[PDB]
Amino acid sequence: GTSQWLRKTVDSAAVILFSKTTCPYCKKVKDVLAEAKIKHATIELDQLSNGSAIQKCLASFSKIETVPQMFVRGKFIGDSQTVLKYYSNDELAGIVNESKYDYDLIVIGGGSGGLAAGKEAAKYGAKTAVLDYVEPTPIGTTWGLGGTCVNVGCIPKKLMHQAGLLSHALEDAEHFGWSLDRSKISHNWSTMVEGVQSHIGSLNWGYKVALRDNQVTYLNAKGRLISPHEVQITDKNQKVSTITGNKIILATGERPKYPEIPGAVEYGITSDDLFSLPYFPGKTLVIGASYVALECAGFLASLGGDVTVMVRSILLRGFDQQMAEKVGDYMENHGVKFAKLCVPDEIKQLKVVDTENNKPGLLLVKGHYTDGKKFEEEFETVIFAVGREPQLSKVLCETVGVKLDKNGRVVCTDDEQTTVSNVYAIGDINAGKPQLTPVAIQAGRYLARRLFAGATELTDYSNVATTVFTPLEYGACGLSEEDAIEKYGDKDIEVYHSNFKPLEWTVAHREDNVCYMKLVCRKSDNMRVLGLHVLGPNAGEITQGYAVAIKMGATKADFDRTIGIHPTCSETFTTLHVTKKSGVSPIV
């Protein structure tokens, strides 16, 4: 296995030094390379348990068993005397730059995963290019470098959520003694958008600086993989050229889906448009029941808007359905209207958007309920949040041999390798994986280290915690209650649960017995915690730390023996005692 690891590492690293921490010759070479500004990976064999075996195995590549040993792109370059010879003869720069390809790595896609992968690879001397292109939405919306999360996802979404949370902060402040006249307080959408967009702009710019400062080539160009090592690029001017790369990372993400009904593309918008919308949405219909749908509906209602969500069947399919119902119940009790068991048939235009005065248009939405009654109501804005999908036939020619599944996502090994052995895929287009920004980042950074620094660590995609930033937030890590029961059987599952009330809600006169948490546990495995679920404020902060404990195999006894921090919401996880099977009420 050492041999297989070493051969893969040598074949793939751009520039790599096999070293020992206590060798002056190893240090001679490192100082030369640093002085010449030559970035490289380093493997200190005296820090590896099988370093002595690695050292002997190196002779199969270099005919020598000593350190240091320098490799470039699979070729043994030399020991210390040889490296210094190249340097003193001004030959070293040419040696370390020789490649069959323009780049060691081409990343197609400049989002959460691709930027993380490209930046990390460049640290080890990989000559890296990152391609990013944002295809405009149907109304023409585009944005800068950084991907979905930065421009039209997690970042603006949570900032507008915070704008919404500040509404309840204004309400609460009076009860806590602050003297303010709410009846003169209103929200200005475009002032909020301008602040959000200024921050996004600082991220776009920061990423461009980051890539420059790491000697990564950034091309604002659409990339298309035409053969395993050839990426055809089309720039702003429609100029087409081809660049070649040793390793390719596909990191192209997804875009919103539209339903195939008249008027949807012409008159509706998606989340891609919402976060830079130059007019206030006004009275809004959200069609959809995903976390995007409910998050957007939620903050729009807390900003004072007249909001309706059209739900075909259930909320948050794939999430714990008890929690999903509690999430939606809170929203309905706090101003969000729900058109349940309802689907849209047609969007018709009644007024065009006012580009000069930044006012929405007006739309007539026709639909129908399962009981046969018709839905017909006017809205100023209609947001479709009915799923997202990859768009790879734009990005890889069918002839390259990269296998997709029936949803168009890339079929990968557990080390992100596609069916084309130099081509990898990370982030939302990697089939089967949780579609989250920190997953994409960990996947890309860890992959880059395996490709170019000899690492072995894989990304662990199990028990990845999430938070839905609805008006009352929902954090989760692990299995839903229903999935646990399906997998292990009802008799092997114990669920501990409790309502709770944040201390902050007491003086503010908010609800008893609405915030809620539970631990879904496996009886036959020492009451192992299979799933953790919390509905309450700051739910992402609550949940995150428990994800470490769940990764480590926490049991109910581990939660019990831990002491709470008081007064917090999270501490209630350390004193749960009511089981669902007991039938005792969880209210407090």
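Numbering starts at 1 and runs along the sequence shown.
> Comparing 232 to 240 with 113 to 121, which stretch shows the greater average C-alpha B-factor in the deposited entry?
It is 232 to 240 that shows the higher mean C-alpha B-factor.
> Return whichever of 433 to 441 and 73 to 81 has the greater mean Cα B factor according to the PDB record.
Higher of the two, by average CA B-factor, is 73 to 81.
> Report the option among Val534, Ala53, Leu530, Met552 whose CA atom has the maximum B-factor in the deposited record.
Checking the PDB record, the top C-alpha B-factor among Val534, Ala53, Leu530, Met552 is at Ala53.
> From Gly201, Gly361, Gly401, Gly146, pick the one with the largest CA B-factor in the entry?
Among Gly201, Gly361, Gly401, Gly146, the PDB entry lists the largest C-alpha B-factor for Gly401.
> When the deposited Cα B-factors of this chain's modelled residues are ordered and cut into thirds, is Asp560 in the lowest, the middle or the highest one?
Lowest third of the chain for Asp560's C-alpha B-factor.
> Would you check the entry's CA temperature factor for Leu285 and let me know if it's in the chain's lowest, middle or highest third?
Its C-alpha B-factor, which the entry lists for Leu285, ranks in the lowest third among residues of this chain.
> Just say lowest, middle or highest third for the CA B-factor of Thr568 relative to the other modelled residues in its chain.
Bottom third by C-alpha B-factor.
> Ordered by C-alpha B-factor within the chain, which third holds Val578? Give me lowest, middle or highest, please.
Middle third.
> Divide the modelled residues of the chain into thirds by Cα B-factor and specify which third, lowest, middle or highest, holds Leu180.
Its C-alpha B-factor belongs to the highest third of this chain's values.
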